[PDB]
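Step one of this worksheet: look at the structure below.
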Amino acid sequence: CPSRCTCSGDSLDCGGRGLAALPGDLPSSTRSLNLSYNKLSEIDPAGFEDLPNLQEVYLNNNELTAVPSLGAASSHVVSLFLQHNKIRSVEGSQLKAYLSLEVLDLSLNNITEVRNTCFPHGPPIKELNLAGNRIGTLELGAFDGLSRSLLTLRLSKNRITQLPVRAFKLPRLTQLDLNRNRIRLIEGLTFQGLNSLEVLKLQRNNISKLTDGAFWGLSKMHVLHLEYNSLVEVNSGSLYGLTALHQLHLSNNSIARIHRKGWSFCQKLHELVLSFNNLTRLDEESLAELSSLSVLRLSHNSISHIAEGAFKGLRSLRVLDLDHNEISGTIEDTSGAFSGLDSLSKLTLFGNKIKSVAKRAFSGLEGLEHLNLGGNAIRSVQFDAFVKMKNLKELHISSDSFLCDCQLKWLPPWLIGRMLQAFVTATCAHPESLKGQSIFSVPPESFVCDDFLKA
Ligand SMILES: *[C@@H]1O[C@H](CO)[C@@H](O[C@H]2O[C@H](CO)[C@@H](O)[C@H](O)[C@H]2NC(C)=O)[C@H](O)[C@H]1NC(C)=O
Ligand SMILES: *[C@@H]1O[C@H](CO)[C@@H](O)[C@H](O)[C@H]1NC(C)=O
Ligand SMILES: *[C@@H]1O[C@H](CO)[C@@H](O)[C@H](O)[C@H]1NC(C)=O
Ligand SMILES: *[C@@H]1O[C@H](CO)[C@@H](O)[C@H](O)[C@H]1NC(C)=O
Ligand SMILES: *[C@@H]1O[C@H](CO)[C@@H](O)[C@H](O)[C@H]1NC(C)=O
Ligand SMILES: [Cl-]
């Protein structure tokens, strides 16, 4: 066993020793070899006999300028970790010898380009990680040599600008990671050739336009990440072919309206996240085709108008997030905004502009167990406003704007009797003989209006 290195079983730890050369002097039984955090500028391939057990090799955080040759031991290496070196190019002639290579980490290097010759037919790579380089050019078919084996491909934090039609022929890839690049636009059929794809990450690009058929071919995809882009809308045609889609993440875009037609193409959707956008209204049946949808997140928009039947068709919905919008009149005057939401369990309207609560506002919310009306300056609640919600077990209220007249008299004893007083902070604004006092502190007969007609 090496002088400065440490031997525990079949693992050999030479990491953080500060070596420029390789010790070796390498035990035949060595399976794991940690050479990371040294100052290696190169590797001498003659140092790697005899090592029939060599499977894992850690060469990250060194000064390597190319992918190295492990000599006689190359063809048995299963995982090769090369991240945080100074490698500028990947040489297919050097990867040819790695006939057992399954994991290859090339992240955080100085790679600017990938050509076809970089990844030839040879090494059966399952996971290729190229994240955090400066890749700004991909030849058409760059990874196609790895098609029979490649399952995961990470291209995060590069400088990729566009993708051609039918960019990849990688029919077994299950995850493609293209986030934090510079893609502005996805053309039609860009991702055809990715039959097995399950997860596509396209967030933190500059995507302004999804072409019709942008994602056609991705019929097995379950998750699509499009957060932090520049979409002002989601065109119906752009969703065509996403039949197996379960999660759509559109947060932190600029989406100002949603079209109904597009939801027909992903009916098996389960979670839709449209939070942090610029929506102002929700129109009738605009979501009707999403009948398997379970979770809908619409918080941090500017929604002020919710049409009657806006949520019709959503028979599967369980969680509705409408926090931090501009909602007011919906809960004050409108009836039927929530019809079709019989199955709904949780609904939150925290931090809106609601001043009063009407009985008719909650038409269609009978299954509700959780209601959040906190962060609203509510002045009054109509008598038995929550009568249809027999299953309501949690009710959040936080207002110091209450008018404590005869119209509010019913609320404290009803809340206490339903075990709903725990999450209610309710303070009286008027009358002035009751200001600042808790809704529960006020004596029952102190709640009075003007009865000018002596009855
Ligand atoms: C959308 O973007 C906003 C920022 O523009 C994200 O907000 C936050 O960032 C951290 C994550 O929770 C918090 O510590 C910050 O306080 C919070 N900032 C603001 C201004 O709210 C938000 O999480 C993003 N959401 C999604 C789904 O992408
Ligand atoms: C590898 O060596 C580095 C450098 O000291 C150390 O931080 C790390 O924990 C080691 N890991 C393994 C698996 O040996
Ligand atoms: C990164 O790669 C480029 C390619 O020419 C090179 O000029 C630059 O010096 C590299 N950076 C470092 C820190 O070596
Ligand atoms: C994204 O594209 C738009 C289109 O004009 C423009 O702001 C610029 O090219 C890009 N902006 C950023 C911040 O990358
Ligand atoms: C989107 O809404 C945010 C606040 O909700 C606002 O600051 C921003 O200017 C809006 N953008 C557009 C393009 O309307
Ligand atoms: Cl991210």
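For the structure tokens, the naming scheme is as follows: chains receive sequential letters (A, B, ...) according to their order of presentation, residues are indexed from 1 within each chain, and ligands are indexed from 1 in presentation order.
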- Query: When the cut-off is 9 Å and you count only C-alpha atoms and all ligand atoms, which residues lie near ligand 6, shown as a VMD selection string?
  - Reply: chain A and resid 156 179 to 180 201 203 to 204
- Task: Around ligand 3, at most 10 Å away and counting only C-alpha atoms and all ligand atoms, which residues are there? Put them as an NGL selection string, please.
- Result: :A and (63-65 or 85-89 or 109-112 or 133-134)
- Message: as a ChimeraX atom specification, please: every protein or nucleic acid residue near ligand 5 (cut-off 10 Å, counting only C-alpha atoms and all ligand atoms).
- Response: /A:230-232,252-256,276-280,300-303,324-326
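Here atom CA of residue 162 of chain A is placed at a distance of 16.6 Å from atom CA of residue 131 of chain A.
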- Message: Set the distance at 9 Å and use only C-alpha atoms: which residues neighbour residue 186 of chain A once local chain neighbours fewer than 2 positions away are removed? I'd like the list as number ranges by chain.
- Response: A: 162-165, 183-184, 188-190, 207-211, 214-215
Please report as JSON lines every residue of segment 337-437 of chain A lying within 9 Å of segment 327-331 of chain A, along with the nearest atom pair and their distance in Å (one decimal), using only C-alpha atoms.
```
{"residue": "A:337", "atom": "CA", "partner": "A:330", "partner_atom": "CA", "distance": 7.1}
{"residue": "A:349", "atom": "CA", "partner": "A:327", "partner_atom": "CA", "distance": 7.8}
{"residue": "A:351", "atom": "CA", "partner": "A:327", "partner_atom": "CA", "distance": 8.8}
{"residue": "A:352", "atom": "CA", "partner": "A:327", "partner_atom": "CA", "distance": 5.3}
{"residue": "A:353", "atom": "CA", "partner": "A:328", "partner_atom": "CA", "distance": 4.9}
{"residue": "A:354", "atom": "CA", "partner": "A:328", "partner_atom": "CA", "distance": 4.3}
{"residue": "A:355", "atom": "CA", "partner": "A:328", "partner_atom": "CA", "distance": 6.9}
{"residue": "A:356", "atom": "CA", "partner": "A:331", "partner_atom": "CA", "distance": 7.3}
{"residue": "A:357", "atom": "CA", "partner": "A:331", "partner_atom": "CA", "distance": 5.8}
{"residue": "A:358", "atom": "CA", "partner": "A:331", "partner_atom": "CA", "distance": 6.4}
{"residue": "A:359", "atom": "CA", "partner": "A:331", "partner_atom": "CA", "distance": 8.8}
{"residue": "A:360", "atom": "CA", "partner": "A:331", "partner_atom": "CA", "distance": 8.3}
{"residue": "A:361", "atom": "CA", "partner": "A:331", "partner_atom": "CA", "distance": 5.0}
{"residue": "A:362", "atom": "CA", "partner": "A:331", "partner_atom": "CA", "distance": 7.7}
```
Preceding selection exported with N, CA, C and O atoms as a PDB file, in the first residue's frame:
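The resulting result_14.pdb:
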```pdb
ATOM      1  N   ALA A 337     -68.076  30.549  -9.193  1.00  0.00           N
ATOM      2  CA  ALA A 337     -66.688  30.555  -9.631  1.00  0.00           C
ATOM      3  C   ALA A 337     -66.021  29.212  -9.331  1.00  0.00           C
ATOM      4  O   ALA A 337     -65.076  28.810 -10.013  1.00  0.00           O
ATOM      5  N   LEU A 349     -56.688  31.375  -0.450  1.00  0.00           N
ATOM      6  CA  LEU A 349     -56.867  32.688  -1.046  1.00  0.00           C
ATOM      7  C   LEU A 349     -56.113  33.720  -0.225  1.00  0.00           C
ATOM      8  O   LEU A 349     -56.530  34.876  -0.130  1.00  0.00           O
ATOM      9  N   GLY A 351     -53.753  36.505   1.205  1.00  0.00           N
ATOM     10  CA  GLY A 351     -53.134  37.713   0.698  1.00  0.00           C
ATOM     11  C   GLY A 351     -53.782  38.267  -0.554  1.00  0.00           C
ATOM     12  O   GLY A 351     -53.093  38.672  -1.488  1.00  0.00           O
ATOM     13  N   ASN A 352     -55.111  38.280  -0.574  1.00  0.00           N
ATOM     14  CA  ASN A 352     -55.847  38.929  -1.652  1.00  0.00           C
ATOM     15  C   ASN A 352     -56.520  40.203  -1.149  1.00  0.00           C
ATOM     16  O   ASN A 352     -56.126  40.747  -0.118  1.00  0.00           O
ATOM     17  N   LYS A 353     -57.534  40.677  -1.870  1.00  0.00           N
ATOM     18  CA  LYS A 353     -58.200  41.929  -1.514  1.00  0.00           C
ATOM     19  C   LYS A 353     -59.649  41.714  -1.079  1.00  0.00           C
ATOM     20  O   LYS A 353     -60.530  42.511  -1.408  1.00  0.00           O
ATOM     21  N   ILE A 354     -59.893  40.647  -0.329  1.00  0.00           N
ATOM     22  CA  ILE A 354     -61.249  40.285   0.065  1.00  0.00           C
ATOM     23  C   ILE A 354     -61.733  41.070   1.292  1.00  0.00           C
ATOM     24  O   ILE A 354     -61.101  41.034   2.351  1.00  0.00           O
ATOM     25  N   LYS A 355     -62.858  41.773   1.137  1.00  0.00           N
ATOM     26  CA  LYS A 355     -63.385  42.642   2.190  1.00  0.00           C
ATOM     27  C   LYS A 355     -64.589  42.035   2.905  1.00  0.00           C
ATOM     28  O   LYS A 355     -64.933  42.438   4.018  1.00  0.00           O
ATOM     29  N   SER A 356     -65.238  41.075   2.256  1.00  0.00           N
ATOM     30  CA  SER A 356     -66.423  40.446   2.821  1.00  0.00           C
ATOM     31  C   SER A 356     -66.634  39.066   2.220  1.00  0.00           C
ATOM     32  O   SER A 356     -66.099  38.754   1.158  1.00  0.00           O
ATOM     33  N   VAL A 357     -67.420  38.241   2.903  1.00  0.00           N
ATOM     34  CA  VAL A 357     -67.636  36.865   2.472  1.00  0.00           C
ATOM     35  C   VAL A 357     -69.123  36.551   2.300  1.00  0.00           C
ATOM     36  O   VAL A 357     -69.904  36.703   3.237  1.00  0.00           O
ATOM     37  N   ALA A 358     -69.507  36.109   1.106  1.00  0.00           N
ATOM     38  CA  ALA A 358     -70.905  35.785   0.827  1.00  0.00           C
ATOM     39  C   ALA A 358     -71.123  34.279   0.740  1.00  0.00           C
ATOM     40  O   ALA A 358     -70.245  33.539   0.296  1.00  0.00           O
ATOM     41  N   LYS A 359     -72.305  33.841   1.161  1.00  0.00           N
ATOM     42  CA  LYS A 359     -72.668  32.427   1.161  1.00  0.00           C
ATOM     43  C   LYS A 359     -72.556  31.798  -0.226  1.00  0.00           C
ATOM     44  O   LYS A 359     -72.113  30.658  -0.370  1.00  0.00           O
ATOM     45  N   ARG A 360     -72.949  32.556  -1.245  1.00  0.00           N
ATOM     46  CA  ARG A 360     -73.006  32.047  -2.611  1.00  0.00           C
ATOM     47  C   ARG A 360     -71.625  31.897  -3.257  1.00  0.00           C
ATOM     48  O   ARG A 360     -71.484  31.218  -4.275  1.00  0.00           O
ATOM     49  N   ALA A 361     -70.613  32.525  -2.665  1.00  0.00           N
ATOM     50  CA  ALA A 361     -69.260  32.487  -3.217  1.00  0.00           C
ATOM     51  C   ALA A 361     -68.701  31.067  -3.260  1.00  0.00           C
ATOM     52  O   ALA A 361     -67.924  30.719  -4.153  1.00  0.00           O
ATOM     53  N   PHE A 362     -69.110  30.245  -2.299  1.00  0.00           N
ATOM     54  CA  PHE A 362     -68.545  28.909  -2.165  1.00  0.00           C
ATOM     55  C   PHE A 362     -69.442  27.819  -2.739  1.00  0.00           C
ATOM     56  O   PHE A 362     -69.383  26.664  -2.316  1.00  0.00           O
TER      57      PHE A 362
END
```
- Task: From segment 119-189 of chain A, collect each residue whose DSSP state is strand (DSSP E) and return the set as a PyMOL selection string.
- Result: chain A and resi 127-129+137-138+152-154+175-177+185-186
- Near residue 443 of chain A, counting only C-alpha atoms, which residues have an atom at most 10 Å away, once you skip same-chain residues fewer than 4 positions from it, shown as an MDAnalysis selection string? chainID A and resid 409 439 447
- Using only C-alpha atoms, which residues sit within 10 Å of residue 16 of chain A once same-chain residues fewer than 5 positions away are excluded, as a PyMOL selection string? chain A and resi 5+34-39+61
Just write the chosen residues, N, CA and C atoms, as a PDB file, in the first residue's frame.
```pdb
ATOM      1  N   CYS A   5      -0.776   7.348   0.622  1.00  0.00           N
ATOM      2  CA  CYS A   5      -2.168   6.966   0.419  1.00  0.00           C
ATOM      3  C   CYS A   5      -2.642   6.076   1.560  1.00  0.00           C
ATOM      4  N   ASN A  34      -9.164   6.949  -5.330  1.00  0.00           N
ATOM      5  CA  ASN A  34      -9.430   8.377  -5.161  1.00  0.00           C
ATOM      6  C   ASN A  34      -8.155   9.198  -5.332  1.00  0.00           C
ATOM      7  N   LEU A  35      -8.085   9.937  -6.435  1.00  0.00           N
ATOM      8  CA  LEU A  35      -6.924  10.763  -6.745  1.00  0.00           C
ATOM      9  C   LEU A  35      -7.308  12.230  -6.855  1.00  0.00           C
ATOM     10  N   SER A  36      -8.476  12.568  -6.321  1.00  0.00           N
ATOM     11  CA  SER A  36      -9.013  13.914  -6.458  1.00  0.00           C
ATOM     12  C   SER A  36      -8.288  14.911  -5.562  1.00  0.00           C
ATOM     13  N   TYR A  37      -8.427  16.192  -5.893  1.00  0.00           N
ATOM     14  CA  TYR A  37      -7.809  17.288  -5.148  1.00  0.00           C
ATOM     15  C   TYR A  37      -6.298  17.115  -4.997  1.00  0.00           C
ATOM     16  N   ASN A  38      -5.647  16.765  -6.100  1.00  0.00           N
ATOM     17  CA  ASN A  38      -4.196  16.846  -6.207  1.00  0.00           C
ATOM     18  C   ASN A  38      -3.837  17.872  -7.272  1.00  0.00           C
ATOM     19  N   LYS A  39      -2.592  17.853  -7.734  1.00  0.00           N
ATOM     20  CA  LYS A  39      -2.183  18.784  -8.778  1.00  0.00           C
ATOM     21  C   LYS A  39      -1.706  18.048 -10.025  1.00  0.00           C
ATOM     22  N   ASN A  61     -11.063  17.648  -9.689  1.00  0.00           N
ATOM     23  CA  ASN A  61     -10.312  18.716  -9.032  1.00  0.00           C
ATOM     24  C   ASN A  61      -8.800  18.529  -9.153  1.00  0.00           C
TER      25      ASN A  61
END
```
- Message: Can you tell me which residues surround residue 449 of chain A at a distance of at most 12 Å, considering only C-alpha atoms, apart from same-chain residues fewer than 4 positions away, and format the answer as a list in words?
- Response: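 My reading of the contact set: residues 403, 404, 405, 406, 407, 408, 409, 430, 431, 445, 453, 454 and 455 of chain A.
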File dump, residues just selected, C-alpha atoms, as a short mmCIF file (atom, residue, chain, number, x, y, z; two decimals), in the first residue's frame:
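Output below, filename selection21.cif:
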```cif
data_model
loop_
_atom_site.label_atom_id
_atom_site.label_comp_id
_atom_site.auth_asym_id
_atom_site.auth_seq_id
_atom_site.Cartn_x
_atom_site.Cartn_y
_atom_site.Cartn_z
CA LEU A 403 -67.55 45.26 11.69
CA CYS A 404 -68.91 43.76 14.91
CA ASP A 405 -72.62 44.46 14.54
CA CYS A 406 -75.56 42.04 14.61
CA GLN A 407 -74.39 40.68 11.23
CA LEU A 408 -71.22 39.20 12.74
CA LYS A 409 -72.85 37.92 15.95
CA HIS A 430 -65.98 49.14 14.24
CA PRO A 431 -67.99 50.03 16.34
CA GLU A 445 -75.39 40.88 22.96
CA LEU A 453 -88.03 50.02 12.61
CA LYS A 454 -88.12 48.57 16.15
CA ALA A 455 -87.76 45.04 14.67
#
```
